[PDB]
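The structure appears below as structure tokens.
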Amino acid sequence: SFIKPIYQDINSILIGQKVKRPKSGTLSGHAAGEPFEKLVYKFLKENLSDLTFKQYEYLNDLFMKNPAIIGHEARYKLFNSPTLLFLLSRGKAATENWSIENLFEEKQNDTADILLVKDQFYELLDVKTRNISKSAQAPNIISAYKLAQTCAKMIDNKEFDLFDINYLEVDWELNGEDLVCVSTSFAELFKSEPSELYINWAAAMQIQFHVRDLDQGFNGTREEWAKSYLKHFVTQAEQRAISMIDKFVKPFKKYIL
Amino acid sequence: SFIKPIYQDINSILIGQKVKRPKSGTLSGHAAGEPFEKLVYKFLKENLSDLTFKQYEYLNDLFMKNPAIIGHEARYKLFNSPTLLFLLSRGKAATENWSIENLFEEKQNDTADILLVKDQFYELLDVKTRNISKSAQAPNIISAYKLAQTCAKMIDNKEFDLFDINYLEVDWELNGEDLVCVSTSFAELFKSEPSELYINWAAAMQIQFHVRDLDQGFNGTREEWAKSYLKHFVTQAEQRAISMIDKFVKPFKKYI
DNA sequence: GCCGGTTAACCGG
DNA sequence: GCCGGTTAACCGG
Ligand code: NA
């Protein structure tokens, strides 16, 4: 984690900072804390200037630093890693259509919010925003299915010391016409017990939890974390399939006749 | 539908409308073309003032004209219909603590953007907005499971002529730092072939379709539409119970 | 004290 | 045409 070292600095520049609210009034999903992410990234881009990238930004740099190679297959080789391609690359069509005149942009799908890279090591930072004027449910963190596939590809290629998936929670509350941050939390996904990750099937097969309450006591290796996750995943998928019937089938049998 | 009769007028007024790019960050989910919904509502209040209501606004006016009521239990009775209570009402604690000095505000999982009410008949209007400059996937229309519960409720309480769930799509495209409505469309859920609605399980069990493409040729009587929907839904759930093994399970067993 | 469903709307390594 | 995952973050008829 290239972030944990200067965490307090982050937490100190964020708490207290007021940012005028979005000219809409919703403050639901994407249209909420969003500007806090911008703040975090801006700080990092100035205090880790060379390690800090926006996912699409990293991709635009990757291809720009290799103008000699065109086509999608040659560009997919620029990742020198399957898992990394899975986690960060754009589609076949898009990858092939990229150019200095047609650069990549933000994409609702992008696995990460900001990218920190140094020494062929990658930190996938996803910043979560939370309105603490409510006591809502744990937000979507990452797709269980995506993580499952990511683990399977760590095992296949044997890439166990290449990337960390970390989370930064930014708590806020409305105050006048502004949103103001009241506190933050940090957590390393691969530092938590995988067998305990809660997967919310209906919620886009996403595992959900508040960064603030996530356990960080895992002791095995990254190879053992992945195995355990795939285990929990299959177990809970088998479980969901059976649980679905008891809730979405039987309760309505008395109508179909 | 109270909108359909005036639809040509709303399409006319919408096409050409512009709204400021909601935020510096790209427009996804709640941060997309939502502002246009405020324009639809505006037009409706302006031409159907006695019928046009925000969902929370309707609940606020309901409890408001019943000052003697008090208490969630007594207040739920005000709905005079179970199926409407299930689709519109708020939490028990939210209902209990309601007061003119503590009104309902919009909630994220409401159900409907706009409520057109008249003569005990309820039209639930949902506005879908879409970035037409690209070809994206059908958007989340409504929860398949929530629909099943409503159908189950309609059938049990035999209330088949109480409400309609309609949809308005308003397409836009980026013009500088403004979003401009370029097209529009409208369809009625209950006029569609229930057995053909696509249920996207992973995507919050949401049926998804582009409004402009929805089929409007159902024949039957609202009850058939419901019986036909529960049928399709259960079948899809069974199916989904299987497919979740061909994926998620069978292909990951190779690992421990 | 637990457990999970719903709004919004996105392309395809 | 058809099919279907993901990001965001929400409380409790
Ligand atoms: Na809407």
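Worth knowing before you read on, the calculation uses all heavy atoms, side chains too, and leaves out hydrogens, waters and symmetry mates. Throughout, protein chains are lettered first and strands after them, A, B, ... in sequence-line order, and every chain is numbered starting at 1.
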Is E37(B) touching bases, backbone alone, or none of the nucleic acid, heavy atoms closer than 4.0 Å? nothing
Mind checking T129(A) for me? I need base, sugar-phosphate or nothing, with any heavy atom below 4.0 Å counting as a touch. sugar-phosphate
List in numerical order all residues of residues 197-208 of chain A for which some heavy atom is under 4.0 Å away from an atom belonging to DNA chain C. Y198(A), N200(A), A202(A), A203(A), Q208(A)
Would you tell me whether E123(A) and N166(A) have side-chain atoms, one donor and one acceptor, within less than 3.5 Å of each other? yes
What's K153(B) touching, base or sugar-phosphate or nothing? Going by heavy atoms closer than 4.0 Å. nothing
Any side-chain donor-acceptor pair under 3.5 Å between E34(A) and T129(A)? no
Between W201(A) and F233(A), ring centroids under 6.0 Å: yes
Salt bridge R90(B)-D110(B), side-chain N to carboxylate O under 4.0 Å: yes
Could you tell me how far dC10(D) sits from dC2(C) if I compare only their P atoms? Round to whole Å. 23 Å
Is the distance between the ring centroids of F53(B) and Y58(B) under 6.0 Å? yes
What is the nucleic acid contact for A93(B), judged by heavy atoms within less than 4.0 Å: base, sugar-phosphate only, or nothing? nothing
State the groove side, major or minor, engaged by the side chain of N140(A) at a distance under 5.0 Å from groove atoms of paired bases. major
Would you mind classifying the nucleic acid contact of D213(B) as base, sugar-phosphate or nothing, using non-hydrogen atoms under 4.0 angstrom? nothing
Less than 4.0 angstrom from a charged side-chain N to a carboxylate O is my criterion; do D113(A) and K54(A) meet it? no
Taking for each residue the nucleotide of DNA chain C with the nearest heavy atom, is it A144(B) or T95(A) whose nucleotide lies nearer the 5' end? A144(B)
Give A31(B) one of three labels, base, sugar-phosphate or nothing, depending on what nucleic acid heavy atoms sit under 4.0 Å from its own. nothing
How is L27(B) classified with respect to the nucleic acid when contacts are heavy atoms under 4.0 Å: base, sugar-phosphate, or nothing? nothing
DNA chain C stem ranges, 3 or more consecutive Watson-Crick or G-U pairs under 3.5 angstrom: C:3-12 with D:3-12
Contact nearer the 5' end of DNA chain D, comparing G91(B) with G29(A): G29(A)
Here's a test of your reading of the structure: between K128(A) and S135(A), which maps to the more 5' nucleotide of DNA chain D? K128(A)
Any base atoms under 4.0 Å from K92(A), or only sugar-phosphate, or nothing? Heavy atoms, all strands. base
What do you reckon, are the aromatic ring centroids of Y167(A) and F186(A) less than 6.0 Å apart? no
Can you give the first and last nucleotides of DNA chain C, 5' to 3', that have an atom under 4.0 Å from a heavy atom of chain A? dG4(C) to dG13(C)
For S28(A), answer base if it contacts any base atom (sugar-phosphate contacts may also be present), sugar-phosphate if it contacts only those atoms, and nothing otherwise; contact means non-hydrogen atoms under 4.0 Å. nothing
Would you say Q206(B) and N200(B) are linked by a side-chain donor-acceptor pair, where the criterion is simply a distance under 3.5 Å? no
Sugar-phosphate, base or nothing in reach of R240(A), heavy atoms under 4.0 Å: sugar-phosphate
Any carboxylate oxygen within less than 4.0 angstrom of a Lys/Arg side-chain nitrogen, looking at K134(B) and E173(B)? no
Residues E169(B) and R212(B) bridged, charged N to O under 4.0 Å: yes
Determine, for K20(B) against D178(B), whether the closest basic-nitrogen to carboxylate-oxygen distance falls under 4.0 angstrom. yes
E193(A) and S195(A): side-chain donor and acceptor closer than 3.5 Å? yes
